[PDB]
Amino acid sequence: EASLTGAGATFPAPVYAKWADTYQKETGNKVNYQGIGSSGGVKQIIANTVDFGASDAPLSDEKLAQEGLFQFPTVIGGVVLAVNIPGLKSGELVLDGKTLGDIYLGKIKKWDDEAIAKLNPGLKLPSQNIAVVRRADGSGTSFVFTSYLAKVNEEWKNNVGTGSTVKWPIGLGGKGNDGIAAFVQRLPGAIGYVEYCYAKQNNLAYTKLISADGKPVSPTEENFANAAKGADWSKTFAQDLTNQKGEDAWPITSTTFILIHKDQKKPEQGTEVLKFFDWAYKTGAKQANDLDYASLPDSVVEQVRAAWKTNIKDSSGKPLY
Ligand SMILES: CCN(CC)c1ccc2cc(C(=O)N/C=C\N3C(=O)CCC3=O)c(=O)oc2c1
Ligand SMILES: O=P([O-])(O)O
């Protein structure tokens with residue numbers, strides 16, 4: 001039985017917590033996971049304060065090589081816009097990229113704005129101020145979200161750009177996906193971007209969005225998977241899953257990654273970290289799907305296993321998988 005520590009992204013923390021609990025019940029191994037946000041996850045794995053870090057934003061091949069790190073994807077999730085609009089219900093409201101970017105720019109201030117009404121012709125929209133909510137902390141969900149906005153709103157692209165931290169034109173800061181969901185729950189008229197679980201968990205209404213191909217789509221586990229169906233995983237695990245073409249492709253989709261050292265200085269711990277994630281691939285898909293995360297295709301799991309064999313070693317050069 002090992003005691004493992006991980007830290008980082010809150011986007012997949014529900015499924016990592018479920019897998020940890022189930023794995024302790026079946027094997028006795030203990031996994032402690034701190035949801036501090038992807039930027040914190042990368043800092044802690046580089047500082048060696050944890051056995052594994054977690055980030056939704058992928059590190060480049062060069063940066064992994066500079067740091068002696070290896071990265072692998074675990075599950076596919078989706079970012080949704082959780083809203084608090086008395087009078088409307090979950091899924092009823094539709095937004096497109098351009099108008100969602102204009103809300104995040106602070107240009108559209110009311111829920112019954114003409115651009116929102118035109119997208120939603122049968123809906124009685126309230127004359128309520130929009131209360132924008134964004135992340136306070138360095139975040140892989142902000143990286144995904146601002147990567148998407150830069151594709152669909154040129155003003156956003158050219159003035160704010162993409163990052164795990166950006167200069168938000170407007171919006172209150174919430175800490176973690178949990179913090180944004182709490183903000184949205186307490187503020188009439190709020191909008192906040194969160195991984196899907198956090199909207200569903202908190203009984204918050206979420207919007208539909210327009211796909212890259214121009215059709216309204218609902219956020220579901222299958223529609224997150226759909227957004228990855230064109231990903232050529234054989235080329236790289238760092239796949240962009242925002243604004244992807246195809247039927248029912250949720251436009252703000254992302255996978256998420258675990259970071260470990262290639263040279264493991266506590267090799268028994270490294271061996272156990274690999275056994276935990278291998279167990280999750282083998283037996284954990286139902287738990288990920290129960291929490292509305294799509295599983296990676298079996299071919300990607302085989303890619304990860306094969307790369308574990310060639311990249312993860314102890315200080316004597318022997319493989320830990
Ligand atoms: C660091 C570990 N953290 C931090 C965020 C955890 C741990 C457990 C949970 C459980 C949740 C939860 O059980 N939701 C109720 C069900 N649920 C959904 O409907 C989808 C995912 C999900 O978990 C959650 O939303 O966030 C979590 C977050
Ligand atoms: O997953 P986050 O917490 O880095 O957004």
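First listed ligand is number 1; within each ligand, the first listed atom is number 1. Index from 1, following the sequence.
Checking only distances, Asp137 never comes within under 3.5 Å of ligand 2, N or O to N or O. Backbone and side-chain nitrogen or oxygen atoms of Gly138 are examined, and none is located within less than 3.5 angstrom of a nitrogen or oxygen of ligand 2.
Within the set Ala199, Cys197, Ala9, the minimum heavy-atom distance to atom 20 (C) of ligand 1 is found for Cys197. Taking each of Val194, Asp178, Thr10 in turn, the one with a heavy atom nearest to atom 3 (O) of ligand 2 proves to be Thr10.
For ligand 1, the atoms sitting less than 4.0 Å from at least one non-hydrogen atom of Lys200 are 19 (O), numbered in the order shown with element in parentheses. Every atom of ligand 2 is numbered from 1 in the order shown, and the set under 4.0 Å from a heavy atom of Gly140 is 2 (P), 4 (O), 5 (O). Within ligand 1, counting atoms from 1 as listed, the ones closer than 4.0 Å to a heavy atom of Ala13 are 1 (C), 2 (C), 3 (N), 4 (C), 5 (C).
You'll find the ring centres of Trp308 and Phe277 outside the 6.0 Å limit.
Heavy atoms of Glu195 found under 4.0 angstrom from ligand 2: none, in either backbone or side chain. If you look at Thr141 next to ligand 2, the close heavy atoms, those under 4.0 Å, come from the backbone and the side chain alike. At a 4.0 Å heavy-atom cut-off, ligand 1 touches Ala17 through the side chain alone. At a heavy-atom distance under 4.0 Å, no atom of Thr10 approaches ligand 1.
Between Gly176 and ligand 2 there is no heavy-atom distance shorter than 4.0 Å.
No side-chain donor-acceptor contact under 3.5 Å links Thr27 and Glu1. For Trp250 and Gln244, the side-chain atoms include no donor-acceptor pair closer than 3.5 Å.
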